[PDB]
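The next block holds one structure in the form of structure tokens; read it before the comments.
Protein chains: 2
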Amino acid sequence: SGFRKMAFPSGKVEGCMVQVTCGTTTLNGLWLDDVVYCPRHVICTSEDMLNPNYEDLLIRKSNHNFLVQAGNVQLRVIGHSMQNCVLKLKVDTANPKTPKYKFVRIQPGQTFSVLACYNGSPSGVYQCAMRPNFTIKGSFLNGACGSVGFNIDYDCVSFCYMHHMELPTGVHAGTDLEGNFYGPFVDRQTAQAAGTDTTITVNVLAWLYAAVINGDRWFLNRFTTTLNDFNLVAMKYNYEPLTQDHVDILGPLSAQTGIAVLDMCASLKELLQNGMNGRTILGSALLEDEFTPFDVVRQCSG
Amino acid sequence: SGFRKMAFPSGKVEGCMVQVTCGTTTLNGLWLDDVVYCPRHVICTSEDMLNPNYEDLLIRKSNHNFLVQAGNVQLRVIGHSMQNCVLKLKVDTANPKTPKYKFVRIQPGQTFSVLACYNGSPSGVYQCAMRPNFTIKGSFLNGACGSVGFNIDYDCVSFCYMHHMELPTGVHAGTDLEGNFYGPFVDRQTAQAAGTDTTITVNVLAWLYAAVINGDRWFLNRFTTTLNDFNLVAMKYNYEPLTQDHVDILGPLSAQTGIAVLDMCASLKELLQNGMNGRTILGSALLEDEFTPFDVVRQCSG
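Note that the protein sequences, when read in sequence, are chains A and B.
Per the working numbering, the first sequence starts with residue 1, numbered consecutively.
Per the working numbering, the second sequence starts with residue 1001, numbered consecutively.
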């Protein structure tokens, strides 16, 4: 027992991280088979980033203008392509450490592990949620661009995120591995609004189930509620509306705990209206929303 | 910018995890060179764990009674030794994936990454502190014993922890890689007192420096204090006493922020006496003590 924010083991992704240099600019690429994927802003100077014409900038770049290093292994670039906001560099050598992998575009509220990298070298791993407003609350210093987010399923690495930018608010924005931004963000150093970031209600409920499984039961109250009554409270507190799809996803945890999802919603309601009165749940003094129902079952079934 | 609990990249340790079976019992071993290290309680039945005579139990075990599997690779055991609370199984094959490594016994308040494993297979990675009372607040289901904690320094993996047990209180106890328990714990299913768990003051201060670096400055107040005045408050709140050694360790963060360590102590004091008034620091509603000064500089210098 116990409950921790837990990343996937990062080894399969560590083997894929390379350094991409184009003139002045160095960031991280992901080397799968004979293709290296990196942020297209690798072709920009600090100046270009104010208002880049990526098509025009890229036209002044040939294959030999892209230096790719996998540790000391220099890779040879034989082709380049812009796909949305990512560059695809065709290299002469298939990565021998290529894991079984897929590219997935994840839904807001889903979680994933980030391997934070600098100069093609891993520094650390943490768990992140795609916020409802399509930002992540990450940890990225200059040079982290090209660092990736992923899930693992037995042998298969599902890449879902590539880091591209920090908003002036200090939250993070990036793309899927087809180079399509999550959210309304662009790869340009302008002012960008994220919008209201709401709490992921189905995740808070999963984490309450986690807390019950671990003996933290103080917040369980005498009430129940309705989906409509609970959503009146969710809207007031900037929580995502709960749907019968969400209730269905919580079924296995309801079944394990013998606590009905609407009984748990009534507990959450009293928590939202009354606060925590200075107590804690699984060592937190606030309601945690970056664990999915899958995350809770993972860490409660191994 | 941003601030996250960040584990070391786990790949170097993933390559070392094997499955150790002895009759009925399966747990995780660590395969370095031609030696596999595991908890000696691998030789126990659930019944034995009530009051084991490890020397007597081990005597009824030969080399061929220990099955070691590294994925499907079956290893051949050619020698066994009990060292304190760990078994050392000499195998015929040096692990080709052996990283540069050291065994280190860490001090209370130091941090490390845990790779949680089942049947010799990695499931996840998280950051842990050795609590002042020599327990860790981990996440471990049945079969996790033999999972290891480590730090990385460039190329070198310093193993500092092997998981052995869960106390009836749900916190975790284990050994260094010489098989010496942290704290007063034994590898026996009896009642065990952890003792008072105090807050790691030097870590809370590091995290306050982290918060300032990231723009969360609201808790900075008009006061300063003395080491003796602050420690009067630390004792009242079950905080570890702050020493000039701790002040020296915080020097680089003082230097970066231009905030004197005793000015930060005076802020911490007002936080302890007044609470957080329902605000947050780096997204937490309580004072965090599982980041070392090194951890903060790592995540603020890359």
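Ideal Cβ positions, reconstructed from N, Cα and C, are used throughout, including at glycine.
Item	Value
Of all Cβ atoms in chain B, is any one closer than 9 Å to the Cβ of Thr-280 of chain A?	yes
Do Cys-44 of chain A and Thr-26 of chain A have their C-beta atoms within less than 9 Å of each other?	no
Excluding five sequence neighbours on each side, which residues of the same chain lie with their C-beta closer than 7 Å to the C-beta of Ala-1094 of chain B?	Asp-1033 and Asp-1034
Hey, which unbroken runs of the alpha helix (DSSP H) at 4 residues or more fall wholly within the region 141-172 of chain A?	none
Given a cut-off of 9 Å on the beta-carbon distance, is the pair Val-1233 of chain B and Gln-1273 of chain B in contact?	yes
Between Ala-1211 of chain B and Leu-1287 of chain B, how many whole angstroms is the CB-CB distance? I'm expecting something under 8 Å.	Contact doesn't hold; Cβ gap of about 10 Å is too wide.
If you pair each beta-carbon of the region 196-214 of chain A with each one of the region 226-240 of chain A, do three or more pairs fall below 8 Å?	yes
Within 9 Å (strictly less), CB to CB, does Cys-300 of chain A reach chain B?	yes
Check the Cβ of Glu-290 of chain A against every Cβ in chain B and list those closer than 9 Å, keeping chain order.	Going along chain B, no residue has its Cβ under 9 Å from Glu-290 of chain A, so there is no contact; the nearest lies around 10 Å.
Among the candidates B:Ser-1267, B:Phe-1181 and B:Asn-1277, whose CA atom is the shortest distance from the CA of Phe-1223 of chain B?	B:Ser-1267
Residues in the region 1156-1187 of chain B with C-beta within 9 Å of chain A's C-beta atoms, listed in sequence order?	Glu-1166, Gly-1170, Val-1171 and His-1172
Which first and last residues belong to the beta strand (DSSP E) in which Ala-1116 of chain B is found?	1111-1118
Contact defined as beta carbons within less than 8 Å: I believe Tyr-161 of chain A pairs with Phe-112 of chain A. What is the distance between those atoms, to the nearest angstrom?	6 Å
With H, G and I counted as helix, E and B as strand and the rest as coil, what does DSSP make of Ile-1249 of chain B?	helix
Relative to the C-alpha of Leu-1030 of chain B, which residue among B:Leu-1141, B:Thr-1226 and B:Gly-1146 is closest?	B:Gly-1146
Confirm, please, whether the CB-CB distance from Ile-1249 of chain B to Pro-1293 of chain B is below 9 Å.	yes
Exposed or buried, which one is residue 303 of chain A when buried takes at least 16 other CB atoms within 10 Å?	Residue 303 of chain A lies beyond the residue range present for chain A, which begins at 1 and ends at 302; the question has no answer from this structure.
Could you give the DSSP three-state label for residue 303 of chain A: helix, strand or coil?	Nothing can be reported for residue 303 of chain A: it is not among the residues displayed for chain A, which extend from 1 to 302.
Determine, for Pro-99 of chain A, whether the minimum Cβ-Cβ distance to residues of chain B falls below 9 Å.	no
Please classify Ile-1136 of chain B as buried or exposed, where buried requires at least 16 neighbouring CB atoms within 10 angstroms.	buried
For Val-1042 of chain B, list the residues DSSP reports as bridge partners.	None, per the DSSP bridge assignment.
Against chain B, with Cβ distances strictly below 9 Å, would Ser-147 of chain A count as a contact?	no
Any idea if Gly-215 of chain A is buried or exposed, counting beta-carbon neighbours within 10 angstroms, 16 or more meaning buried?	exposed
Of all the CB atoms in chain A, is at least one closer than 9 Å to the CB of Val-1125 of chain B?	yes
For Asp-1263 of chain B, which residues in the same chain have their Cβ closer than 6 Å to its Cβ, ignoring the five residues on either side in sequence?	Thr-1224
Taking beta-carbon pairs under 9 Å, can you tell me which members of the region 1232-1246 of chain B lie near chain A?	none
Compare the C-alpha of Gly-1170 of chain B against each of B:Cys-1038, B:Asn-1142, B:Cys-1156 and B:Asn-1221 and name the closest.	B:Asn-1142
For the putative contact between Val-91 of chain A and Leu-75 of chain A, defined by C-beta atoms under 8 Å, what is the C-beta separation to the nearest angstrom?	4 Å
Rounded to a whole number of angstroms, what is the C-alpha to C-alpha distance between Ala-1255 of chain B and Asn-1151 of chain B?	26 Å
Using C-beta distances below 7 Å, list every residue in its chain close to residue 357 of chain A, excluding the 5 sequence neighbours before and after it, in chain order.	Absent from the structure is residue 357 of chain A, since the part of chain A shown begins at 1 and ends at 302.
Using a C-beta to C-beta distance shorter than 9 Å, which residues of chain B count as neighbours of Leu-115 of chain A?	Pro-1009
Please name the residue or residues paired with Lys-100 of chain A in a DSSP beta bridge.	A:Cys-156
Could you name the residues of the same chain whose beta carbon sits closer than 6 Å to that of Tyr-54 of chain A, not counting the 5 residues immediately before and after it, in chain order?	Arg-40
If we define contact as Cβ-Cβ less than 9 Å, is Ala-1255 of chain B a contact residue for chain A?	no
Is the CB-CB distance between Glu-270 of chain A and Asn-221 of chain A below 9 Å?	yes
Determine which residues of the region 127-141 of chain A have a Cβ less than 7 Å from any Cβ of chain B, and write them out in chain order.	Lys-137, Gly-138, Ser-139, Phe-140 and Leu-141
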